[PDB]
file query30.cif (mmCIF, C-alpha atoms)
data_protein
#
loop_
_atom_site.label_atom_id
_atom_site.label_comp_id
_atom_site.auth_asym_id
_atom_site.auth_seq_id
_atom_site.Cartn_x
_atom_site.Cartn_y
_atom_site.Cartn_z
CA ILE A 260 23.21 14.32 28.14
CA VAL A 261 24.75 11.48 30.19
CA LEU A 262 28.34 10.21 29.97
CA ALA A 263 28.71 6.60 31.11
CA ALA A 264 31.96 4.66 31.53
CA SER A 265 32.70 1.03 32.40
CA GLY A 266 36.25 0.22 33.50
CA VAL A 267 37.39 3.70 34.32
CA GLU A 268 37.99 5.22 37.75
CA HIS A 269 35.71 8.12 38.64
CA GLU A 270 38.50 10.60 39.38
CA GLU A 271 40.10 9.99 35.98
CA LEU A 272 36.83 10.67 34.14
CA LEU A 273 36.56 14.02 35.94
CA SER A 274 40.06 15.22 35.09
CA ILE A 275 39.32 14.76 31.37
CA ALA A 276 35.62 15.31 30.72
CA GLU A 277 34.92 18.16 33.13
CA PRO A 278 36.96 20.94 31.39
CA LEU A 279 35.26 20.12 28.08
CA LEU A 280 31.61 19.99 29.15
CA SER A 281 31.13 22.45 32.01
CA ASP A 282 30.40 25.50 29.83
CA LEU A 283 27.34 24.21 27.98
CA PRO A 284 24.46 26.48 29.05
CA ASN A 285 21.76 25.54 31.53
CA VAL A 286 18.44 25.67 29.68
CA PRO A 287 14.95 24.55 30.74
CA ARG A 288 14.05 21.13 29.36
CA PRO A 289 11.04 21.12 26.99
CA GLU A 290 7.67 19.47 27.55
CA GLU A 291 7.63 15.80 26.64
CA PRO A 292 5.68 14.95 23.46
CA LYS A 293 2.31 13.34 23.96
CA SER A 294 0.28 10.70 22.16
CA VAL A 295 -2.70 8.45 22.91
CA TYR A 296 -3.25 4.76 22.27
CA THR A 297 -6.16 4.44 19.92
CA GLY A 298 -6.89 1.20 18.13
CA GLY A 299 -6.24 0.66 14.49
CA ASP A 300 -6.05 -1.70 11.56
CA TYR A 301 -3.42 -1.72 8.84
CA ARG A 302 -2.92 -3.91 5.81
CA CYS A 303 -0.81 -3.77 2.69
CA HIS A 304 -1.19 -6.38 0.02
CA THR A 305 2.46 -6.87 -0.80
CA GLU A 306 4.56 -5.37 -3.59
CA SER A 307 3.43 -6.76 -6.91
CA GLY A 308 6.32 -9.19 -7.52
CA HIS A 309 6.44 -10.91 -4.06
CA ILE A 310 3.88 -13.70 -4.66
CA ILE B 260 -21.13 -14.07 -29.84
CA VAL B 261 -23.22 -11.29 -31.44
CA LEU B 262 -22.50 -9.54 -34.76
CA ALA B 263 -24.02 -6.06 -34.96
CA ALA B 264 -24.08 -3.76 -37.99
CA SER B 265 -25.28 -0.18 -38.50
CA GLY B 266 -25.79 0.96 -42.09
CA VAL B 267 -25.92 -2.40 -43.77
CA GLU B 268 -29.00 -4.13 -45.22
CA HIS B 269 -29.84 -7.45 -43.46
CA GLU B 270 -29.71 -9.60 -46.59
CA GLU B 271 -26.18 -8.42 -47.39
CA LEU B 272 -24.91 -9.32 -43.91
CA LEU B 273 -26.26 -12.86 -44.37
CA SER B 274 -24.62 -13.48 -47.74
CA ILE B 275 -21.21 -12.72 -46.21
CA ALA B 276 -21.19 -13.68 -42.54
CA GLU B 277 -23.29 -16.84 -42.66
CA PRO B 278 -21.02 -19.13 -44.73
CA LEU B 279 -18.18 -18.28 -42.25
CA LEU B 280 -19.83 -18.64 -38.83
CA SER B 281 -22.34 -21.45 -39.21
CA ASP B 282 -19.94 -24.31 -38.39
CA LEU B 283 -18.89 -23.25 -34.90
CA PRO B 284 -20.17 -25.98 -32.56
CA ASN B 285 -23.22 -25.69 -30.33
CA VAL B 286 -22.01 -26.06 -26.74
CA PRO B 287 -23.86 -25.53 -23.44
CA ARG B 288 -23.15 -22.12 -21.90
CA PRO B 289 -21.39 -22.26 -18.50
CA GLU B 290 -22.79 -21.14 -15.15
CA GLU B 291 -22.39 -17.43 -14.53
CA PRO B 292 -19.78 -16.51 -11.90
CA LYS B 293 -21.11 -15.42 -8.54
CA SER B 294 -20.09 -12.89 -5.92
CA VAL B 295 -21.67 -11.16 -2.93
CA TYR B 296 -21.64 -7.52 -1.86
CA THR B 297 -19.95 -7.34 1.48
CA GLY B 298 -18.78 -4.04 2.91
CA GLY B 299 -15.18 -3.03 3.08
CA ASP B 300 -12.61 -0.36 3.73
CA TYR B 301 -9.47 0.30 1.73
CA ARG B 302 -6.72 2.85 2.09
CA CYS B 303 -3.26 3.34 0.66
CA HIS B 304 -1.09 6.15 1.85
CA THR B 305 0.33 7.21 -1.49
CA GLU B 306 3.64 6.31 -3.14
CA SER B 307 6.47 7.89 -1.21
CA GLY B 308 7.28 10.74 -3.63
CA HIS B 309 3.76 12.23 -4.14
CA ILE B 310 3.49 14.94 -1.31
#
call {"tool": "encode", "arguments": {"input": "query30.cif", "output": "structure tokens"}}
result
Amino acid sequence: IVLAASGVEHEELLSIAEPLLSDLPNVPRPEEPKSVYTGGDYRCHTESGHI
Amino acid sequence: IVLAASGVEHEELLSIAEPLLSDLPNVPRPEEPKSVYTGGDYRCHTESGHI
């Protein structure tokens, strides 16, 4: 989670958002999901009213 | 056009069907439509409610 502000001073954003977010638990992040780039073809002759 | 009967004597089928089919005109037949066997793949992941 990342909180990002534009037009706010950094000491204002810590007087508000720090007492409301500090007690979420520290957990290990998971492993990032994997995939591989194969090739591929795809085609769909369109829905039967289009033409 | 071919008329085909099963259980009828051949001289009965000519007393009925001949005075009604003899005056169609004699025309040349057309050329028979052509195609070639290529290969091919096809796939359709099924309609979205079937699984």
call {"tool": "atom_distance", "arguments": {"input": "query30.cif", "atom1": "atom CA of residue A:299", "atom2": "atom CA of residue B:308"}}
result
24.8 Å
call {"tool": "atom_distance", "arguments": {"input": "query30.cif", "atom1": "atom CA of residue A:302", "atom2": "atom CA of residue B:302"}}
result
8.6 Å
call {"tool": "resolve_selection", "arguments": {"input": "query30.cif", "expression": "the PyMOL selection byres ((chain A) within 10 of (chain B))", "output": "list in words"}}
result
residues 301, 302, 303 and 304 of chain A
call {"tool": "write_last_selection", "arguments": {"input": "query30.cif", "atoms": "C-alpha atoms", "output": "mmCIF file, in the coordinates of the input"}}
result
data_model
loop_
_atom_site.group_PDB
_atom_site.id
_atom_site.type_symbol
_atom_site.label_atom_id
_atom_site.label_comp_id
_atom_site.auth_asym_id
_atom_site.auth_seq_id
_atom_site.Cartn_x
_atom_site.Cartn_y
_atom_site.Cartn_z
ATOM 1 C CA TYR A 301 -3.420 -1.720 8.840
ATOM 2 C CA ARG A 302 -2.920 -3.910 5.810
ATOM 3 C CA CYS A 303 -0.810 -3.770 2.690
ATOM 4 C CA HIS A 304 -1.190 -6.380 0.020
#
call {"tool": "resolve_selection", "arguments": {"input": "query30.cif", "expression": "the PyMOL selection byres ((chain B and resi 262) around 10)", "output": "list in words"}}
result
residues 260, 261, 263, 264, 272 and 276 of chain B
call {"tool": "decode", "arguments": {"input": "query30.cif", "residues": "stretch 261-291 of chain A", "atoms": "N, CA, C and O atoms", "output": "tab-separated table (two decimals), in the first residue's frame"}}
result
chain	number	residue	atom	x	y	z
A	261	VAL	N	0.54	2.22	-0.83
A	261	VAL	CA	1.26	3.49	-0.93
A	261	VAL	C	0.24	4.63	-0.96
A	261	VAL	O	-0.68	4.63	-1.77
A	262	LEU	N	0.41	5.61	-0.06
A	262	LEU	CA	-0.40	6.82	-0.06
A	262	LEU	C	0.38	7.97	-0.67
A	262	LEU	O	1.48	8.29	-0.23
A	263	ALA	N	-0.21	8.62	-1.67
A	263	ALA	CA	0.51	9.62	-2.46
A	263	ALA	C	-0.31	10.89	-2.59
A	263	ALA	O	-1.43	10.85	-3.09
A	264	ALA	N	0.26	12.01	-2.18
A	264	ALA	CA	-0.43	13.29	-2.15
A	264	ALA	C	0.29	14.31	-3.02
A	264	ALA	O	1.51	14.24	-3.20
A	265	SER	N	-0.47	15.21	-3.59
A	265	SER	CA	0.09	16.28	-4.45
A	265	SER	C	-0.52	17.61	-4.08
A	265	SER	O	-1.57	17.87	-4.54
A	266	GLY	N	0.15	18.43	-3.30
A	266	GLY	CA	-0.36	19.73	-2.89
A	266	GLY	C	-0.60	19.75	-1.42
A	266	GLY	O	-1.45	20.44	-0.96
A	267	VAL	N	0.08	18.89	-0.73
A	267	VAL	CA	-0.10	18.75	0.72
A	267	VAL	C	1.30	18.80	1.27
A	267	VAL	O	2.15	18.34	0.62
A	268	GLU	N	1.50	19.40	2.40
A	268	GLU	CA	2.77	19.40	3.12
A	268	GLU	C	2.96	18.09	3.87
A	268	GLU	O	2.00	17.50	4.38
A	269	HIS	N	4.21	17.63	3.94
A	269	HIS	CA	4.50	16.29	4.44
A	269	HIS	C	4.26	16.13	5.93
A	269	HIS	O	4.03	15.01	6.40
A	270	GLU	N	4.29	17.21	6.70
A	270	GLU	CA	4.01	17.09	8.12
A	270	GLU	C	2.53	17.15	8.43
A	270	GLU	O	2.14	16.79	9.54
A	271	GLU	N	1.70	17.61	7.49
A	271	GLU	CA	0.26	17.52	7.66
A	271	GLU	C	-0.24	16.11	7.39
A	271	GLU	O	-1.07	15.59	8.14
A	272	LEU	N	0.30	15.46	6.35
A	272	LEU	CA	-0.08	14.12	5.96
A	272	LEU	C	0.35	13.07	6.98
A	272	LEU	O	-0.16	11.95	6.95
A	273	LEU	N	1.25	13.41	7.89
A	273	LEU	CA	1.65	12.50	8.95
A	273	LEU	C	0.90	12.73	10.26
A	273	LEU	O	0.91	11.86	11.12
A	274	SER	N	0.27	13.88	10.44
A	274	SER	CA	-0.57	14.08	11.60
A	274	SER	C	-1.94	13.44	11.43
A	274	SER	O	-2.63	13.20	12.43
A	275	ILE	N	-2.34	13.16	10.20
A	275	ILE	CA	-3.65	12.60	9.90
A	275	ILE	C	-3.55	11.10	9.65
A	275	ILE	O	-4.19	10.30	10.33
A	276	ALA	N	-2.73	10.71	8.68
A	276	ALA	CA	-2.74	9.34	8.17
A	276	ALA	C	-1.91	8.37	9.00
A	276	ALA	O	-2.05	7.16	8.81
A	277	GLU	N	-1.06	8.84	9.88
A	277	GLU	CA	-0.27	7.92	10.68
A	277	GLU	C	-1.03	7.27	11.84
A	277	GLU	O	-0.79	6.08	12.10
A	278	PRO	N	-1.93	7.94	12.59
A	278	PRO	CA	-2.71	7.19	13.58
A	278	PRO	C	-3.79	6.29	13.00
A	278	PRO	O	-4.46	5.60	13.78
A	279	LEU	N	-3.90	6.13	11.71
A	279	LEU	CA	-5.03	5.35	11.17
A	279	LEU	C	-4.43	4.22	10.39
A	279	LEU	O	-5.19	3.47	9.91
A	280	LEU	N	-3.12	4.13	10.25
A	280	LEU	CA	-2.55	3.10	9.36
A	280	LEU	C	-1.39	2.36	10.02
A	280	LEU	O	-0.91	1.43	9.45
A	281	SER	N	-0.96	2.77	11.18
A	281	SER	CA	0.23	2.21	11.78
A	281	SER	C	0.02	0.83	12.37
A	281	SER	O	1.01	0.12	12.61
A	282	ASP	N	-1.22	0.41	12.60
A	282	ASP	CA	-1.48	-0.85	13.29
A	282	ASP	C	-1.90	-1.99	12.36
A	282	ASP	O	-2.31	-3.04	12.85
A	283	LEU	N	-1.82	-1.80	11.05
A	283	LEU	CA	-1.90	-2.93	10.14
A	283	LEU	C	-0.70	-3.84	10.38
A	283	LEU	O	0.40	-3.35	10.67
A	284	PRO	N	-0.86	-5.16	10.29
A	284	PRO	CA	0.25	-6.05	10.65
A	284	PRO	C	1.29	-6.16	9.55
A	284	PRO	O	1.00	-6.01	8.36
A	285	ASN	N	2.52	-6.41	9.97
A	285	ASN	CA	3.62	-6.66	9.05
A	285	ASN	C	3.60	-8.13	8.67
A	285	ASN	O	3.78	-9.01	9.52
A	286	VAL	N	3.36	-8.41	7.39
A	286	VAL	CA	3.28	-9.78	6.90
A	286	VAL	C	4.33	-9.93	5.80
A	286	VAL	O	4.76	-8.92	5.21
A	287	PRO	N	4.84	-11.13	5.54
A	287	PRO	CA	5.69	-11.31	4.37
A	287	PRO	C	4.91	-11.15	3.08
A	287	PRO	O	3.74	-11.53	2.99
A	288	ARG	N	5.49	-10.50	2.09
A	288	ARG	CA	4.82	-10.38	0.79
A	288	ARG	C	4.82	-11.76	0.19
A	288	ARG	O	5.64	-12.56	0.60
A	289	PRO	N	3.94	-12.05	-0.78
A	289	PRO	CA	3.90	-13.35	-1.45
A	289	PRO	C	4.92	-13.43	-2.56
A	289	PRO	O	5.68	-12.49	-2.79
A	290	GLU	N	4.95	-14.54	-3.28
A	290	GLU	CA	5.80	-14.66	-4.46
A	290	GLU	C	5.01	-14.17	-5.66
A	290	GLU	O	3.82	-14.45	-5.79
A	291	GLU	N	5.68	-13.44	-6.54
A	291	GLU	CA	5.00	-12.79	-7.65
A	291	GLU	C	4.60	-13.82	-8.69
A	291	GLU	O	5.38	-14.73	-9.00
